[PDB]
Amino acid sequence: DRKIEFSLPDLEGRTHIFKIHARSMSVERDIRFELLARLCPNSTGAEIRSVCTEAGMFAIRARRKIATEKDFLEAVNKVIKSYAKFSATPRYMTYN
Amino acid sequence: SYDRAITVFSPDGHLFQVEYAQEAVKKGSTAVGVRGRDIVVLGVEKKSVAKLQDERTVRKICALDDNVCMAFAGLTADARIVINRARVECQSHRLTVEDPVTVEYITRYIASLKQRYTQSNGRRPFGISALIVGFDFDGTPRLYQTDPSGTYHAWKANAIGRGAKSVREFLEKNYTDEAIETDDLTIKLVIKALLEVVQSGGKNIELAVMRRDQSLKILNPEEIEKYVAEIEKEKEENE
Amino acid sequence: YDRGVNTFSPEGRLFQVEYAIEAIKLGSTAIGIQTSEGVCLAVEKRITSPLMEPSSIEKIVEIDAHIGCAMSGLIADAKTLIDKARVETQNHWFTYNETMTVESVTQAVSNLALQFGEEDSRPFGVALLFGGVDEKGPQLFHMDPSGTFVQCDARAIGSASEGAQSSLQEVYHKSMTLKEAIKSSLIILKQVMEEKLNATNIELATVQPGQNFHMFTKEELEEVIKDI
Amino acid sequence: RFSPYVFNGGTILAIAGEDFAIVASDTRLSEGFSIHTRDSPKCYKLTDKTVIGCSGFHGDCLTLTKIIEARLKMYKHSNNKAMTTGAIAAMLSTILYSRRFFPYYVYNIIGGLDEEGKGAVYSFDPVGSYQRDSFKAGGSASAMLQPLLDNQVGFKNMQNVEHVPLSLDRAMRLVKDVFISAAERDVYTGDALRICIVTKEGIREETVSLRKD
Amino acid sequence: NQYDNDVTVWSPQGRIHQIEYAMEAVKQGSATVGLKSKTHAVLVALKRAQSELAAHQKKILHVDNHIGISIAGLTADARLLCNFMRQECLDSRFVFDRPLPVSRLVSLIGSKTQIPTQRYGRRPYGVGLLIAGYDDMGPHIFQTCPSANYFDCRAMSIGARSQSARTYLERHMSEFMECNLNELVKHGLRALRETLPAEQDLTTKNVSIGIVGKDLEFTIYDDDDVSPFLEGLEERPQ
Amino acid sequence: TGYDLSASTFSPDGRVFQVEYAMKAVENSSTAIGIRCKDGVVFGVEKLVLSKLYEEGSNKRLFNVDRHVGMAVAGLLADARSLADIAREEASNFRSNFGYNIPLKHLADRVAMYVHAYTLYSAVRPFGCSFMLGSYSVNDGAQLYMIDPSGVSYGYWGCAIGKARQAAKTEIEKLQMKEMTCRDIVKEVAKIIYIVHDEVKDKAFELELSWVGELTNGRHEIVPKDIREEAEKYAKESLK
Amino acid sequence: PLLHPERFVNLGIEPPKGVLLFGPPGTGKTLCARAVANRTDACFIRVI
Amino acid sequence: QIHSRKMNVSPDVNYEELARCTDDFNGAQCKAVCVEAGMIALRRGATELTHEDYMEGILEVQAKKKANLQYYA
Ligand SMILES: Nc1ncnc2c1ncn2[C@@H]1O[C@H](COP(=O)(O)OP(=O)(O)OP(=O)(O)O)[C@@H](O)[C@H]1O
Ligand SMILES: [Mg+2]
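Sequences listed follow chains V, B, Y, C, E, Z, W and S, in order. Per the entry's author numbering, the first sequence starts with residue 338, numbered consecutively. Per the entry's author numbering, the second sequence starts with residue 2, numbered consecutively. Residues 8 to 127, 134 to 241 (the entry's author numbering) make up the third sequence, in order. Per the entry's author numbering, the fourth sequence starts with residue 1, numbered consecutively. Per the entry's author numbering, the fifth sequence starts with residue 4, numbered consecutively. Per the entry's author numbering, the sixth sequence starts with residue 5, numbered consecutively. Per the entry's author numbering, the seventh sequence starts with residue 194, numbered consecutively. Per the entry's author numbering, the eighth sequence starts with residue 367, numbered consecutively.
Written out as structure tokens, the structure is:
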């Protein structure tokens, strides 16, 4: 009788999702998450959690016990940009 | 999925047929170019003569007017139309306005002619990218570049072709803020840059310089062999 | 039915022009604020290379000596719109001995953006911000690829557009001054960009009633950033 | 064979005041040695602050009036405002030059108020050159009115006379005196005198009779 | 679904779906109500904000000194028909030196919109024009549709949730011929307040009222002069 | 079916369905009938009120092509307005080139060939209209014609266009129309409308009667039935 | 309806009895089913 | 009209006006509009129904929703 459909969260959804999946992890207490929700335009709740797990994996590549801002910024390029685009990033000069 | 048209958009806002034209640029031979104090220089690689042809009809470096040069990539057919059209505009500008043609004016003509050539259906865009180098506009050295989308743009050191990402990363760690005076030093920068060729045979480099006052000076494979010798002379300090 | 500008939906609206709105989203951010003392304007550069010459990337162009501009989205379609917008202000002065008002500039611009399939091509991929001081004081306007034209008091477009709007509606009020609105604008910028804000990431442009010149800031911009 | 031009007569006078403008003309329409009518004024209220006068060939005067009144509406819905006095003189110069090789046989004078509230008089030629003046007199009796207004308004060739600006009441009797003297010696002038006064409170009209011969 | 692609293609039921879809673009725009008395014809529209601090998009626009129109639907087809509308109004002034009769101007629109509903290469005009005017025989209220039909009427409301406005007009249409402008205008804007969600009110910043009269030129009042019209009103029975 | 997209394609058995589809779009429109007596032609259109806000005489289907020619359209109303302007324009050129009124036999040929041209190309579609043509003259008498969306055009004594095309002509043919006068026809047209489904499953309606013949001296105009109201007084007595 | 079976009857409506969930993968289909198994206070049957 | 027998319907609702916008539905989807309209009024706590309440119940059957689409003034 009822057709409930699930869509992608626009921006306010994703900023709430990052605060769920990254509250229980050792991070820097001054980072912002709205900049991270920009860089995941067409993403799901599973893809957002994969960024949160991967950013801590960069902290074990180095020798740290807290996550920095550039830990998440490399994780976005590892998850999304390594598979979503390869022609638009180097040859980008049509858009700035 | 959906591309097969230059007028349709993607669901995330792209023009894939325009983006596929830049993929045809990466099948071309690399050509670099820097500007200096007075002498501008540009060089090309991958000559690869095939034992049975004349080599004066395979030239990749041409002059549009008396004080502006041209180097390109992509496919050879579409470059010949753009070169022959740009010679008309840089000559008809002189007739309508009695000045010589600036290096900035001819790049807007090439970009705008490639602009309207992308918009209408049934018009396959140019799959070439070009380097326009000229120290023409009142003693000032400049170099620009183009793009198959039709965006003219200015760099200070440039690389294109099959393997531009290595050379452009090489020049960022090499182009000093110290301006390369004693212009054979600036020519030796290009030969050091073109030393990272796809095979680096040594005798496959065709460097062409311009001292901003004379005409084009095509270098011979005896003067360029002397500059390849002094590059190995500085390499002896590694031991 | 979602691959044609000549085809409706069962519900309503294109998708074609809806897809053209999406092309703005992958641009760069730009903020303009209307104030009774004048109109300030800010933008982000996103310079890729150090060998890349910085002043060849334009985001603020001078339409006329009392009207500025800002853009995002596709660069290739932007240079077409700037061209006639300079010409239509020039044809009007030729036949009227007066300056074209800031509102009626975009009337001429929107008359050609709604001609993509309505002749006898594709729609454009660029949003524009027009600031200027005409005889009705300082003005700030906004358009889109769909030709929908409107006046805004403070507008932020491009990438980070929606995230800027929520913070920008918080601090705006009617009794602002110009020097307050400039430093209020780039507090928003360093919260929405990913690189550290310095004198090379951004550029400014203002316009005043008696100071119709100077739609640019040349290193003065270093003084504003160091006192943030 | 067919000839496309004929002369119809007429006389138009304009005086730019300090905060006003006066436009005057006769209402006699003639051709050759005949009188068509004795009631045909040359004043045309374009806006609430601008009145134009048109002399010369009457067929072009009816055409050129309706072209300007169309472009007033075309300006307004494109700009949400009305034209100024100087904007009309800039627009009219392009219209007159647009038929350079088949010209209008019309002499034009535009009088009205500027954006500062002062008088402004623009004179024209049949090809489209203009300038801002203080007083002009166009038409058939143009040569009989310019030397007298140089004496009274411009104070030319006078000695030991102060330059008081012309008041409104003094300007009314100067207009009423020049058309009496002009109707005596000119044959294309008489039968009435339509006077339009443009101030900050609207446009007034006044009609003074002349000799009917 | 294969018949649902072009204007040219008929259906096996005999209904062209592309004309049926351009009606749906009219329901996207906001509501607007027009009506008339023996002497005065007033159409009232409803503005919609884009953001919290941008200006509201205008609906009523002047055409001629005796003709003003409202709008509902695509803004691209709005100004494209307006430039055709203004050109025909000044041609009769330039040639005939008379104002146009309102009933024969709308017949030019139905001839204008008929070609892009039959020939391939141009979509139908998604537009919801309401027209008020004065010919020599009194006021008129007209509507159009993207199926190129034009309907003479004495009261009409089109746009989003405009069915509730039609129910108010049918049970008060007997009162419209006699009352004058002090209540005829606020007979009309009592019909807009049922096309609203029941928690907000019709303010001064989101409504436009245009009046053309027998002795009155068409005049657009908005955002400052609506306050002498919104005075003397009751609230909703909540 | 499938090969039924363009109007320039044939079926495997040899007919064009795009013409066939547009014919039964005329079927969904309300009934409009036509009839001619010995000295005139009388039209009649059943027309239904949309809801209530119709203003009693809008969007009529009794047009006026020439001084003596009018139409009785049914189907898509907007498509009939553009088709009526063709017949207005066609009769004007016959006046300017020959100096007299257009014969109805020649007028229906010029219109039907114009309807025929929209049934041949893939760029355009066939019309969705069918209509009537009635005229009267002193050298030709009264004529009554009939044009389908395909373009077949020839003459009748009586016809009907709409839902009840068959259900009206059953009781048209039981009239002695060869000798009646067209004042007695007007009270007989109104009962043909009111028998077959005027407001039974529909909401409301209003009758329109056009009128041309010897009493109008060749003019074509609406009836003065508003005067004395005799059509409804005589037809509503047929309840039993 | 499992906690307030009153307002449906006291207004005169009936609740729906079947709900489908559809959309892109990884969006949260299983989460909404996993979370209502927490707060159910009723018989719940997973079906393989 | 059959399935709406058991509810508080305000008497400004024409089912003919609903058949204008409802098309290509079976009998069960016509029942589904009647069920969903009762719960939309339950959202805001409305006591009776309206014509607007059915129109939102129509779009919920085929699962639609509407925004400000910035084309339509
Ligand atoms: N809206 C959300 N908020 C928080 N986390 C989410 C959200 N959506 C998905 N996730 C995370 O994504 C993971 C995978 O989601 P899940 O597998 O439930 O998606 P699904 O739609 O059920 O996938 P499928 O359609 O393949 O069954 C979950 O473990 C959850 O942590
Ligand atoms: Mg799952």
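Yeah, the Cβ is synthetic: ideal placement off N, Cα and C, and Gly gets one too.
Inter-residue CB distance, residue i and residue j (contact presumed, cutoff 8 Å)
i	j	result
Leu-65(B)	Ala-87(B)	5 Å
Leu-196(B)	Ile-219(B)	Going by Cβ atoms, the distance from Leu-196(B) to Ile-219(B) rounds to 20 Å, so no, they are not a contact pair.
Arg-101(E)	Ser-95(E)	6 Å
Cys-43(C)	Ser-25(C)	6 Å
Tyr-107(C)	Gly-138(C)	4 Å
Three-state secondary structure (DSSP) of residue i
i	result
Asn-68(Z)	coil
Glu-170(B)	helix
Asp-84(Y)	helix
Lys-41(E)	coil
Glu-50(Z)	strand
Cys-400(S)	helix
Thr-11(C)	strand
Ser-40(C)	coil
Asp-80(E)	helix
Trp-156(B)	strand
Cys-236(W)	coil
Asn-108(C)	strand
residue 1(B)	Outside the displayed range of chain B (2 to 240) lies residue 1(B), so it cannot be described from this structure.
For residue i, the nearest candidate out of the options (CA to CA)
i	options	result
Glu-402(S)	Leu-195(W), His-197(W) and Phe-201(W)	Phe-201(W)
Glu-207(Y)	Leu-373(V), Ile-417(V), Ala-399(V) and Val-416(V)	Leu-373(V)
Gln-22(Z)	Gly-17(E), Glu-23(E) and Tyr-24(E)	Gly-17(E)
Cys-63(B)	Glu-224(B), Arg-169(B), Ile-84(B) and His-154(B)	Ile-84(B)
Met-150(Z)	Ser-141(Z), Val-142(Z) and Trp-161(Z)	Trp-161(Z)
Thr-113(Y)	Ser-134(Y), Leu-141(Y), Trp-100(Y) and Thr-102(Y)	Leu-141(Y)
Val-134(B)	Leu-76(B), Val-69(B) and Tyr-176(B)	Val-69(B)
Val-20(Z)	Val-29(E), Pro-15(E), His-20(E) and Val-188(E)	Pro-15(E)
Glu-391(V)	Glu-406(V), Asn-379(V) and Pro-378(V)	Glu-406(V)
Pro-208(W)	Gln-436(S), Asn-392(S), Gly-404(S) and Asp-390(S)	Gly-404(S)
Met-78(Y)	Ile-64(Y), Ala-72(Y) and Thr-96(Y)	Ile-64(Y)
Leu-243(Z)	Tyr-158(Z), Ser-86(Z), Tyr-198(Z) and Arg-99(Z)	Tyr-198(Z)
Are the stretch 41–54 of chain Y and the stretch 212–229 of chain Y in contact at 8 Å, needing three or more beta carbon pairs?
Result yes; three or more Cβ-Cβ pairs closer than 8 Å.
With a cut-off of 8 Å, do at least 3 Cβ pairs link the stretch 199–206 of chain Y to the stretch 57–73 of chain Y?
With the cut-off at 8 Å, the stretch 199–206 of chain Y and the stretch 57–73 of chain Y do not touch.
Which residues, taken in chain order from the stretch 371–389 of chain V, show a beta carbon closer than 9 Å to some beta carbon of chain W?
So the close ones are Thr-381, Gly-382, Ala-383 and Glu-384.
In the stretch 371–383 of chain S, which residues sit with their C-beta less than 8 Å from some C-beta in chain W, listed in chain order?
Within the stretch 371–383 of chain S, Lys-372, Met-373 and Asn-374 place their CB atoms closer than 8 Å to a CB of chain W, listed in sequence order.
Tell me, please, whether the stretch 229–236 of chain Z touches the stretch 184–200 of chain Z by the rule of three or more beta-carbon pairs shorter than 8 Å.
Touching, per the Cβ criterion.
Does the structure place the stretch 154–170 of chain E close enough to the stretch 61–69 of chain E that three or more beta carbon pairs sit under 8 Å?
No, the stretch 61–69 of chain E is not in contact with the stretch 154–170 of chain E.
Contact residues within the stretch 87–106 of chain Y, judged by C-beta distance below 7 Å to chain C:
Those would be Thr-102, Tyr-103, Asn-104 and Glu-105, in chain order.
Using a Cβ cut-off of 7 Å, which residues of the stretch 386–408 of chain S contact any Cβ in chain E, in chain order?
The residues in question: there are none.
Are three or more beta carbon pairs between the stretch 182–198 of chain Y and the stretch 155–165 of chain Y nearer than 8 Å?
No: fewer than three Cβ pairs fall under 8 Å.
Beta carbons nearer than 8 Å to chain Y: which residues of the stretch 69–81 of chain E have them?
Cβ proximity to chain Y below 8 Å picks out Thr-78 and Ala-79 from the stretch 69–81 of chain E.
Interface residues of the stretch 8–20 of chain Y facing chain S [CB-CB below 9 Å]
Residues passing the 9 Å Cβ filter: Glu-18, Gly-19 and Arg-20.
Cβ-based contacts, 8 Å cut-off: residues of the stretch 153–172 of chain E near chain S
Listed by position, the residues of the stretch 153–172 of chain E near chain S (Cβ gap below 8 Å) are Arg-164, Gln-166, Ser-167 and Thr-170.
Three or more C-beta pairs closer than 8 Å, one from the stretch 144–160 of chain C and one from the stretch 113–133 of chain C: is that the case here?
Because the criterion of three Cβ pairs below 8 Å is not met, the stretch 144–160 of chain C and the stretch 113–133 of chain C do not touch.
Touching or not, the stretch 161–173 of chain Y and the stretch 32–43 of chain Y, by the rule of three or more beta carbon pairs under 8 Å?
In short, these stretches touch, since the Cβ pair count reaches three.
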